[PDB]
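J.: Could you have a look at this structure, given as structure tokens, before my questions?
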Amino acid sequence: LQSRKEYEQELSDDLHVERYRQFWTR
Amino acid sequence: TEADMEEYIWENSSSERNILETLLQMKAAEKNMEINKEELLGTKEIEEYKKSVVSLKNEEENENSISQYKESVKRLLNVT
Amino acid sequence: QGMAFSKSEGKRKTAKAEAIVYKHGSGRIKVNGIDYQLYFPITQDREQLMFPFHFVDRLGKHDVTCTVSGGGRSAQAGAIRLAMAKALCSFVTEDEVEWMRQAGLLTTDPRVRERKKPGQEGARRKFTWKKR
Amino acid sequence: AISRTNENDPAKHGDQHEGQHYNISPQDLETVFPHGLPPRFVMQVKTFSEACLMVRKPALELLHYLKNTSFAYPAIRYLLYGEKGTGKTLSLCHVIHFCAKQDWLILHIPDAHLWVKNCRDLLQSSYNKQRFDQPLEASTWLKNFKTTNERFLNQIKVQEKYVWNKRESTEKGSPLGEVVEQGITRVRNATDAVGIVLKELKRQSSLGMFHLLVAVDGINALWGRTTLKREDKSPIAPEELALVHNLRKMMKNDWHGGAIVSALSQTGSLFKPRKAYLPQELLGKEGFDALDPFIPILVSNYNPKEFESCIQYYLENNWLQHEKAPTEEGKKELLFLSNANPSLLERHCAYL
Amino acid sequence: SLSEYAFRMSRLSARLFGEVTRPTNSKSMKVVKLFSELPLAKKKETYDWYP
Amino acid sequence: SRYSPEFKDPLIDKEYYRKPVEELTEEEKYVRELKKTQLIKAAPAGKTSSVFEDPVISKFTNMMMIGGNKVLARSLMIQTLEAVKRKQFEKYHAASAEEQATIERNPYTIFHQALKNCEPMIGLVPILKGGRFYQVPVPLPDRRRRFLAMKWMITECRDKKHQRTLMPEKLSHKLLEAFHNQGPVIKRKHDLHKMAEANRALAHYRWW
Amino acid sequence: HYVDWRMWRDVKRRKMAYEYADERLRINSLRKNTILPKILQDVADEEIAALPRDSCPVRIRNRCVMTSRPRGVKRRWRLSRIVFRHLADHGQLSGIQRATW
Ligand SMILES: Nc1ncnc2c1ncn2[C@@H]1O[C@H](COP(=O)(O)OP(=O)(O)OP(=O)(O)O)[C@@H](O)[C@H]1O
Ligand SMILES: Nc1nc2c(ncn2[C@@H]2O[C@H](COP(=O)(O)OP(=O)(O)O)[C@@H](O)[C@H]2O)c(=O)[nH]1
Ligand SMILES: [Mg+2]
Ligand SMILES: [Mg+2]
Ligand SMILES: [Mg+2]
Ligand SMILES: [Mg+2]
């Protein structure tokens, strides 16, 4: 029994580099 | 889903699905055509029942809460 | 609420108990917020909690709210008994206080576990000795 | 006879009978209660050669509701809850006696915990390959059920045709006693026989043929956990048992014409703490939701009026052989040691 | 043994805290442990054990 | 012992301290006055002032304890007392009115009398004289007589002859036979007496 | 000028293991996982086995820094039991005293 799901194979977005890069200062 | 919910909500809960069906059967036993969802669930007796069931889930279970649940249920089922 | 009570501490092995005994009560005993017949399912443990009141003929006359931590089931029972007995002396005559003392209800038990020594199986149990 | 009452009819018990023991006839004892009595109480009955049950307040409150039940309305689930040894089972038994005397059909479950633990022979169900069968547990209950409701077996007749094997089948219109007898004789089909009985009694109850009482003791075992395991030692969910699955249908208030009385029991429960007695604490999320809505009934320890009569009944039968037991000081020690708990008092007085 | 909401919420937390995101078995998690700590030889106790 | 020699054993007796002062003798008054100045040991958990306390039963319970398991040891004791009372009640109801008068239903009276019937009056002490050991009959102290009664009862119950039989059943069965001057434990006392009587001519070997 | 040849050999083992620690860790990382293909793991197994024998940290033996005693060594002070007592019994070890309780 192998359990594979669509959401289990979705790569997590690298929000640090893109979304929250401006928060590294101040 | 409801399992992931960390705060119990009486709306769309199994308690609501069960009490509403019981009231419909009681109305059917009375041969009454009033089967409106808004009217049946809008009375104060349902509101007292809702508060007791929610208090059992969110808060801690004890003698006082169980007895309050018992008294509210007896009003709904017309048991004296 | 203005009700009279006395508080005292009891020690038994590694168990420490603080007992609050009210002057007037219905005989209820609360241990860590739990009824005594539930906290101590063993009959012998409930025997010890009866010793202080029964010896002075004061069963069902005081309410006790005691909290005990540490030790085993019997050590907790012994710790509470000493704590309740000391607090109970505030609501009895001086002669009955001496009777409780002479009955061993007001003496802290000094018996504690003895340490194990090197070269021995236990506190006193030695290793098997072979003559030859 | 301070602790006794001359009124042996449960239907006439009232608040003036509180704290008094009423005798139960041996004919009723063999018929009304072939099972479900507490193991220690059976010893008391055998030793005293008589069955006396104290009329306590929780039993009266439940009897009051039954006398005013509306069979047109759906069945009402009554839950008996209380601390360990407070007398929930004997309160349920007293309720069963009232219903039996009123020609109600008794559906008595002695202990639901026995169906979810210690099953040596766990067989896959033939009716449903995804379920399991318990031939030992099912066959034992059929014998008890047959004795309790022997009168109504012939009057009640099945309304469908049931197939047991390629050669044997039950035809429509045959009396229900054939189905029960088939399960007793054919232990393999005993699990399926119980489901047929539950399906037929629930169906015919709403037709007004008879008044059905669903008495399940230790109901919290229905929606809990099981110690039974498959061949690969995997845990088995309670709903995967055919015997448990059929009983879950009866508890729902989707049928009318009867009443459902259930009593919790932490004793013998699986994966539950000793000091747990509340409904939601034992039933859990799944158990509480299934029974919702229901009417809880509290069972507490003996009050001073009840406790005093309990001692007198023991002294009446000379059960307390110790010389200090009848004394007032001796009574004080019994009250303190047990805290007026029915089970603790009986166990402590069992060796005095 | 988790729902879709719980699984994705847990996976989101791993990304926030820099833990492992992709599903990894117990054996391959040793690679994380190998580089999270100094080797036994590299510790100051080992190479400077003797004066 | 962590107790200093100045400590004295506590006295657990409610009626002892309730005695009126007038009834006290001069020496008894002195004892009460003296104990007000003496250190007192803490009361052991085993002994209590409850009216149901039985020193013999607690002593027998301790001798049944294995590995400090007093909870199980006391459980076997209470079940035995319950079993004896239930067995007598069954016999009482099955007996005629004349026979019911002589039937004892008190578990404590049966237990106390059963132990008394097993107590040996004389014992045997092996004495080394002339390079040989002889079983010289001796009088036994009061403590030794009661101890032998309890040890004999427990040893018979723990014997391997009994198969798949619970301790409360074995102990209750032997107590009734001892109460009726029957059974192996009583036979053990007679065998000890017979050997002591048979070796009565060797009673001069003892020097006390 | 070490205590004996056995201590001198241990220093050589410790020195070599420190130099090869980074290289050995990187190669051993390829072996302790199921992600890389078995072909790459087998190559890594041969590569790490081609490293000098004394570079293995398993060959390092904790010895007393004063008398080079193999066993009976307290790791906190790196002294043998005999040497530790000699310093402790003279009061030359801070905060260490005979234990009586
Ligand atoms: N109404 C009663 N009349 C007489 N005896 C009673 C009554 N209720 C309780 N007892 C005594 O107390 C004992 C325990 O009662 P019971 O088995 O009903 O308790 P329970 O609350 O169901 O216990 P548990 O938690 O073990 O399920 C009985 O065997 C009997 O000796
Ligand atoms: N052996 C057997 N059992 C039956 C038959 N019909 C009904 N039953 C039993 O009757 C019980 C009620 O079945 P039911 O609730 O209708 O099954 P469901 O529709 O899958 O929920 C089941 O537990 C079956 O074991 C039959 O033809 N043969
Ligand atoms: Mg030891
Ligand atoms: Mg019960
Ligand atoms: Mg040299
Ligand atoms: Mg090594």
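Going through the structure tokens in order, the chains are called A, B, and so on, while each chain numbers its residues from 1 and the ligands are numbered from 1 in the order shown.
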Give me the residues within 7 Å of stretch 62-73 of chain B as a VMD selection string, counting only C-alpha atoms and dropping any in the same chain fewer than 6 places off.

T.: (chain B and resid 48 to 49 52 to 53 56) or (chain D and resid 293 to 296)

J.: Around ligand 1, out to 7 Å and counting only C-alpha atoms and all ligand atoms, which residues are there? I want them as a list in words.

T.: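 Counting only what the definition allows, namely only C-alpha atoms and all ligand atoms, the set is residues 21, 38, 39, 40, 41, 52, 53, 54, 55, 56, 82, 83, 84, 85, 86, 87, 88, 89, 90, 91, 265, 266, 267, 342, 343 and 346 of chain D.
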
J.: Would you put the residues from that selection into a file with N, CA and C atoms, as a short mmCIF file (atom, residue, chain, number, x, y, z; two decimals), in the first residue's frame?

T.:
data_model
loop_
_atom_site.label_atom_id
_atom_site.label_comp_id
_atom_site.auth_asym_id
_atom_site.auth_seq_id
_atom_site.Cartn_x
_atom_site.Cartn_y
_atom_site.Cartn_z
N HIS D 21 -35.63 -1.71 50.42
CA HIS D 21 -35.37 -2.84 49.54
C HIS D 21 -36.68 -3.57 49.26
N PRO D 38 -24.71 -7.71 38.51
CA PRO D 38 -23.30 -7.62 38.91
C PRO D 38 -22.83 -8.93 39.51
N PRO D 39 -21.58 -9.33 39.24
CA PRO D 39 -21.10 -10.62 39.77
C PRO D 39 -21.15 -10.71 41.28
N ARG D 40 -20.89 -9.61 41.99
CA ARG D 40 -20.97 -9.64 43.44
C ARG D 40 -22.40 -9.71 43.93
N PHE D 41 -23.33 -9.06 43.22
CA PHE D 41 -24.73 -9.11 43.63
C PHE D 41 -25.31 -10.51 43.47
N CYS D 52 -33.02 -8.75 46.95
CA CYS D 52 -33.59 -7.49 47.40
C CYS D 52 -32.80 -6.34 46.80
N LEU D 53 -33.50 -5.35 46.26
CA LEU D 53 -32.88 -4.22 45.58
C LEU D 53 -33.38 -2.93 46.20
N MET D 54 -32.46 -2.04 46.54
CA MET D 54 -32.81 -0.78 47.18
C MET D 54 -33.42 0.19 46.16
N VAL D 55 -34.49 0.86 46.56
CA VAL D 55 -35.18 1.83 45.71
C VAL D 55 -34.50 3.17 45.94
N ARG D 56 -33.54 3.50 45.08
CA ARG D 56 -32.81 4.75 45.18
C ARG D 56 -33.41 5.81 44.25
N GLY D 82 -22.11 7.81 36.64
CA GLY D 82 -21.76 8.01 38.03
C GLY D 82 -20.40 7.41 38.32
N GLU D 83 -19.91 7.70 39.52
CA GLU D 83 -18.60 7.22 39.93
C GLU D 83 -18.60 5.69 40.00
N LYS D 84 -17.39 5.13 40.06
CA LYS D 84 -17.24 3.69 40.07
C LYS D 84 -17.87 3.09 41.32
N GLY D 85 -18.71 2.08 41.12
CA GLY D 85 -19.35 1.40 42.23
C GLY D 85 -20.51 2.13 42.87
N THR D 86 -21.05 3.16 42.22
CA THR D 86 -22.17 3.90 42.79
C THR D 86 -23.50 3.20 42.61
N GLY D 87 -23.57 2.17 41.76
CA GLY D 87 -24.81 1.43 41.60
C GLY D 87 -25.55 1.74 40.32
N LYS D 88 -24.81 1.96 39.23
CA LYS D 88 -25.45 2.27 37.96
C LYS D 88 -26.09 1.03 37.34
N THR D 89 -25.40 -0.11 37.42
CA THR D 89 -25.93 -1.34 36.83
C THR D 89 -27.22 -1.78 37.51
N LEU D 90 -27.25 -1.75 38.85
CA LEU D 90 -28.45 -2.17 39.56
C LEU D 90 -29.59 -1.18 39.37
N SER D 91 -29.28 0.09 39.14
CA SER D 91 -30.32 1.04 38.75
C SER D 91 -30.90 0.68 37.39
N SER D 265 -19.98 2.34 32.26
CA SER D 265 -19.22 1.46 33.15
C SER D 265 -17.75 1.63 32.83
N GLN D 266 -17.01 2.29 33.73
CA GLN D 266 -15.56 2.34 33.58
C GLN D 266 -14.93 1.00 33.90
N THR D 267 -15.56 0.21 34.77
CA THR D 267 -15.04 -1.11 35.09
C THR D 267 -15.03 -1.99 33.85
N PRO D 342 -21.69 2.36 47.52
CA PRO D 342 -22.37 1.05 47.55
C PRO D 342 -21.44 -0.14 47.37
N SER D 343 -20.52 -0.07 46.40
CA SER D 343 -19.64 -1.21 46.15
C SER D 343 -18.60 -1.36 47.26
N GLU D 346 -20.28 -2.85 50.39
CA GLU D 346 -20.56 -4.28 50.24
C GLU D 346 -19.28 -5.10 50.35
#

J.: All residues within 7 Å of ligand 2 are required, counting only C-alpha atoms and all ligand atoms; please report them as an MDAnalysis selection string.

T.: chainID D and resid 126:127 162:164 189 191:193 195:196 199 242 246

J.: Where does DSSP see helix (DSSP H, G or I) in stretch 20-97 of chain G, if you list the residues as a PyMOL selection string?

T.: chain G and resi 20-31+38-49+53-55+57-59+81-89

J.: Write a file of the just-selected residues containing N, CA, C and O atoms, as a short mmCIF file (atom, residue, chain, number, x, y, z; two decimals), in the first residue's frame.

T.:
data_model
loop_
_atom_site.label_atom_id
_atom_site.label_comp_id
_atom_site.auth_asym_id
_atom_site.auth_seq_id
_atom_site.Cartn_x
_atom_site.Cartn_y
_atom_site.Cartn_z
N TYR G 20 41.67 14.05 8.10
CA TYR G 20 40.75 13.38 7.19
C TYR G 20 39.30 13.46 7.63
O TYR G 20 38.44 12.86 6.98
N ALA G 21 39.00 14.18 8.71
CA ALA G 21 37.64 14.20 9.23
C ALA G 21 36.66 14.83 8.25
O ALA G 21 35.56 14.32 8.03
N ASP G 22 37.05 15.96 7.64
CA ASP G 22 36.16 16.63 6.69
C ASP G 22 35.94 15.78 5.45
O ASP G 22 34.80 15.63 4.98
N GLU G 23 37.01 15.21 4.89
CA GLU G 23 36.88 14.38 3.70
C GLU G 23 36.08 13.11 4.00
O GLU G 23 35.25 12.69 3.18
N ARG G 24 36.32 12.50 5.16
CA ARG G 24 35.61 11.27 5.51
C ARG G 24 34.12 11.53 5.74
O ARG G 24 33.28 10.71 5.37
N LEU G 25 33.79 12.67 6.35
CA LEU G 25 32.38 13.00 6.58
C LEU G 25 31.63 13.17 5.27
O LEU G 25 30.50 12.69 5.12
N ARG G 26 32.24 13.86 4.30
CA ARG G 26 31.57 14.10 3.03
C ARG G 26 31.32 12.80 2.28
O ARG G 26 30.24 12.60 1.71
N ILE G 27 32.31 11.91 2.26
CA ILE G 27 32.15 10.64 1.56
C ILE G 27 31.13 9.76 2.29
O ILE G 27 30.30 9.10 1.65
N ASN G 28 31.19 9.73 3.62
CA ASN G 28 30.26 8.90 4.38
C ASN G 28 28.83 9.39 4.29
O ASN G 28 27.90 8.60 4.51
N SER G 29 28.62 10.66 3.96
CA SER G 29 27.26 11.17 3.80
C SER G 29 26.56 10.54 2.60
O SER G 29 25.35 10.32 2.65
N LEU G 30 27.30 10.25 1.53
CA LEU G 30 26.71 9.60 0.37
C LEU G 30 26.24 8.19 0.66
O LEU G 30 25.34 7.69 -0.02
N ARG G 31 26.81 7.54 1.67
CA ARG G 31 26.49 6.15 1.97
C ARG G 31 25.30 6.00 2.91
O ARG G 31 24.58 5.01 2.83
N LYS G 38 22.31 3.24 -5.95
CA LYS G 38 23.20 2.26 -5.35
C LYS G 38 24.56 2.23 -6.05
O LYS G 38 25.56 1.87 -5.43
N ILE G 39 24.60 2.60 -7.33
CA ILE G 39 25.87 2.63 -8.05
C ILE G 39 26.79 3.68 -7.44
O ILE G 39 27.99 3.44 -7.24
N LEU G 40 26.25 4.86 -7.13
CA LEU G 40 27.07 5.91 -6.53
C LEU G 40 27.49 5.55 -5.11
O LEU G 40 28.60 5.89 -4.69
N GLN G 41 26.62 4.87 -4.37
CA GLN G 41 26.97 4.46 -3.01
C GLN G 41 28.12 3.46 -3.01
O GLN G 41 29.02 3.55 -2.17
N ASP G 42 28.11 2.51 -3.94
CA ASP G 42 29.17 1.51 -3.99
C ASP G 42 30.52 2.14 -4.30
O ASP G 42 31.55 1.72 -3.77
N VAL G 43 30.53 3.16 -5.16
CA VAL G 43 31.77 3.89 -5.42
C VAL G 43 32.24 4.59 -4.16
O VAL G 43 33.44 4.59 -3.84
N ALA G 44 31.32 5.21 -3.42
CA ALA G 44 31.68 5.90 -2.19
C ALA G 44 32.23 4.93 -1.15
O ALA G 44 33.12 5.27 -0.37
N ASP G 45 31.69 3.70 -1.11
CA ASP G 45 32.19 2.71 -0.17
C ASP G 45 33.65 2.38 -0.43
O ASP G 45 34.45 2.26 0.51
N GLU G 46 34.02 2.21 -1.70
CA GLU G 46 35.41 1.93 -2.03
C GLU G 46 36.30 3.13 -1.74
O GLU G 46 37.43 2.98 -1.28
N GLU G 47 35.80 4.34 -2.02
CA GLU G 47 36.61 5.54 -1.80
C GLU G 47 36.93 5.73 -0.32
O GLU G 47 38.06 6.07 0.03
N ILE G 48 35.94 5.53 0.55
CA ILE G 48 36.18 5.73 1.98
C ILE G 48 37.07 4.62 2.53
O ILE G 48 37.84 4.85 3.48
N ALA G 49 37.00 3.42 1.96
CA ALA G 49 37.88 2.34 2.38
C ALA G 49 39.30 2.52 1.86
O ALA G 49 40.22 1.88 2.38
N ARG G 53 44.16 3.77 7.16
CA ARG G 53 43.48 3.03 8.23
C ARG G 53 43.40 3.85 9.51
O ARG G 53 42.35 3.88 10.16
N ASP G 54 44.49 4.51 9.89
CA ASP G 54 44.51 5.26 11.14
C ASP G 54 43.61 6.49 11.11
O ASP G 54 43.39 7.09 12.17
N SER G 55 43.09 6.87 9.95
CA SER G 55 42.18 8.01 9.88
C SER G 55 40.82 7.69 10.48
O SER G 55 40.05 8.62 10.77
N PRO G 57 38.02 7.21 13.04
CA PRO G 57 37.88 7.65 14.43
C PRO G 57 37.67 6.51 15.41
O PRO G 57 37.86 6.70 16.61
N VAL G 58 37.27 5.33 14.92
CA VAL G 58 37.02 4.19 15.80
C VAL G 58 38.31 3.66 16.42
O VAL G 58 38.27 3.01 17.47
N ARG G 59 39.45 3.93 15.80
CA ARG G 59 40.73 3.45 16.31
C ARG G 59 41.31 4.34 17.39
O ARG G 59 42.35 4.01 17.96
N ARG G 81 42.30 6.41 37.04
CA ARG G 81 41.74 6.38 38.38
C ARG G 81 42.83 6.53 39.44
O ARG G 81 42.63 7.17 40.47
N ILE G 82 44.01 5.94 39.19
CA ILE G 82 45.10 6.03 40.15
C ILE G 82 45.66 7.45 40.19
O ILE G 82 45.91 8.00 41.27
N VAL G 83 45.87 8.06 39.02
CA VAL G 83 46.40 9.42 38.98
C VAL G 83 45.38 10.41 39.52
O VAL G 83 45.74 11.38 40.21
N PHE G 84 44.10 10.19 39.23
CA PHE G 84 43.06 11.09 39.73
C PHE G 84 43.04 11.11 41.25
O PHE G 84 42.92 12.18 41.87
N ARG G 85 43.14 9.94 41.88
CA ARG G 85 43.13 9.88 43.34
C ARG G 85 44.35 10.57 43.93
O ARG G 85 44.25 11.22 44.98
N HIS G 86 45.50 10.44 43.28
CA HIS G 86 46.72 11.05 43.80
C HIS G 86 46.57 12.57 43.89
O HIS G 86 46.98 13.17 44.89
N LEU G 87 45.99 13.19 42.87
CA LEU G 87 45.77 14.63 42.92
C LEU G 87 44.61 14.99 43.84
O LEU G 87 44.68 15.98 44.58
N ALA G 88 43.54 14.19 43.83
CA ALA G 88 42.36 14.52 44.62
C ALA G 88 42.63 14.38 46.11
O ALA G 88 42.21 15.23 46.90
N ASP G 89 43.32 13.32 46.52
CA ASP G 89 43.56 13.08 47.94
C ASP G 89 44.49 14.11 48.56
O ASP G 89 44.50 14.24 49.79
#

J.: Taking only C-alpha atoms and all ligand atoms into account, list the residues no farther than 12 Å from ligand 6, as a list in words.

T.: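 Residues satisfying the distance criterion: residues 10, 56, 57, 58, 59, 60, 61, 62, 63, 70 and 71 of chain G.
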
J.: Generate the output file for the selected residues, N, CA, C and O atoms, as a PDB file, in the first residue's frame.

T.:
ATOM      1  N   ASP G  10      48.719   6.816  19.468  1.00  0.00           N
ATOM      2  CA  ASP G  10      47.395   7.415  19.589  1.00  0.00           C
ATOM      3  C   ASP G  10      47.391   8.851  19.085  1.00  0.00           C
ATOM      4  O   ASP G  10      46.429   9.288  18.445  1.00  0.00           O
ATOM      5  N   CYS G  56      40.497   6.417  10.669  1.00  0.00           N
ATOM      6  CA  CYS G  56      39.198   6.044  11.214  1.00  0.00           C
ATOM      7  C   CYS G  56      39.087   6.502  12.664  1.00  0.00           C
ATOM      8  O   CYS G  56      39.980   6.214  13.468  1.00  0.00           O
ATOM      9  N   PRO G  57      38.018   7.210  13.037  1.00  0.00           N
ATOM     10  CA  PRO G  57      37.883   7.649  14.434  1.00  0.00           C
ATOM     11  C   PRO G  57      37.667   6.506  15.408  1.00  0.00           C
ATOM     12  O   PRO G  57      37.865   6.696  16.614  1.00  0.00           O
ATOM     13  N   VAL G  58      37.269   5.328  14.924  1.00  0.00           N
ATOM     14  CA  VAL G  58      37.020   4.195  15.804  1.00  0.00           C
ATOM     15  C   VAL G  58      38.307   3.661  16.417  1.00  0.00           C
ATOM     16  O   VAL G  58      38.266   3.013  17.468  1.00  0.00           O
ATOM     17  N   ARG G  59      39.454   3.927  15.798  1.00  0.00           N
ATOM     18  CA  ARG G  59      40.731   3.448  16.308  1.00  0.00           C
ATOM     19  C   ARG G  59      41.309   4.343  17.394  1.00  0.00           C
ATOM     20  O   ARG G  59      42.353   4.006  17.961  1.00  0.00           O
ATOM     21  N   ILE G  60      40.661   5.462  17.697  1.00  0.00           N
ATOM     22  CA  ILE G  60      41.140   6.375  18.727  1.00  0.00           C
ATOM     23  C   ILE G  60      40.765   5.821  20.095  1.00  0.00           C
ATOM     24  O   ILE G  60      39.606   5.463  20.337  1.00  0.00           O
ATOM     25  N   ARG G  61      41.745   5.749  20.992  1.00  0.00           N
ATOM     26  CA  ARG G  61      41.558   5.211  22.333  1.00  0.00           C
ATOM     27  C   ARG G  61      41.797   6.317  23.348  1.00  0.00           C
ATOM     28  O   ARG G  61      42.865   6.936  23.354  1.00  0.00           O
ATOM     29  N   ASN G  62      40.811   6.560  24.206  1.00  0.00           N
ATOM     30  CA  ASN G  62      40.966   7.551  25.263  1.00  0.00           C
ATOM     31  C   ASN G  62      41.898   7.009  26.339  1.00  0.00           C
ATOM     32  O   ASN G  62      41.586   6.009  26.993  1.00  0.00           O
ATOM     33  N   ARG G  63      43.035   7.670  26.524  1.00  0.00           N
ATOM     34  CA  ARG G  63      44.053   7.237  27.467  1.00  0.00           C
ATOM     35  C   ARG G  63      44.356   8.360  28.449  1.00  0.00           C
ATOM     36  O   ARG G  63      44.129   9.540  28.168  1.00  0.00           O
ATOM     37  N   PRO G  70      45.268   2.708  29.619  1.00  0.00           N
ATOM     38  CA  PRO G  70      44.153   2.535  28.675  1.00  0.00           C
ATOM     39  C   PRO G  70      42.785   2.568  29.333  1.00  0.00           C
ATOM     40  O   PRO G  70      41.874   3.221  28.811  1.00  0.00           O
ATOM     41  N   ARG G  71      42.609   1.881  30.455  1.00  0.00           N
ATOM     42  CA  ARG G  71      41.318   1.762  31.117  1.00  0.00           C
ATOM     43  C   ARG G  71      41.313   2.566  32.412  1.00  0.00           C
ATOM     44  O   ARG G  71      42.326   3.134  32.829  1.00  0.00           O
TER      45      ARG G  71
END

J.: Dump the neighbourhood of ligand 3 as a list in words: all residues within 9 Å, distances computed on only C-alpha atoms and all ligand atoms.

T.: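 Result of the 9 Å neighbour search around ligand 3: residues 121, 122, 123, 124 and 125 of chain C.
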
J.: Rounded to one decimal place, report the atom CA of residue D:223-atom CA of residue D:283 distance in Å.

T.: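 It comes out at 6.6 Å.
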
J.: Throw together the list of residues within 10 Å of ligand 5, counting only C-alpha atoms and all ligand atoms, and drop it here as a list in words.

T.: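 For ligand 5, the residues inside 10 Å are residues 1, 2, 3, 4 and 5 of chain G.
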
J.: Can I get the residues of chain G within 12 Å of chain C, each with the closest pair of atoms and their distance in Å to one decimal, using only C-alpha atoms, sorted chain first then ascending number, as a Markdown table?

T.:
| residue | atom | partner | partner_atom | distance |
| --- | --- | --- | --- | --- |
| G:99 | CA | C:117 | CA | 11.7 |
| G:100 | CA | C:117 | CA | 10.5 |
| G:101 | CA | C:115 | CA | 8.1 |

J.: I need the contact residues of chain G against chain E, so if you could list those with any atom within 7 Å, counting only C-alpha atoms, and return them as a PyMOL selection string, that would help.

T.: chain G and resi 14-15+17-18+21+29+32-34+57+65

J.: Could you jot down the atom CA of residue D:4 to atom CA of residue D:107 separation for me, Å, one decimal place?

T.: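 Taking atom CA of residue D:4 as the start and atom CA of residue D:107 as the end point, the length is 29.2 Å.
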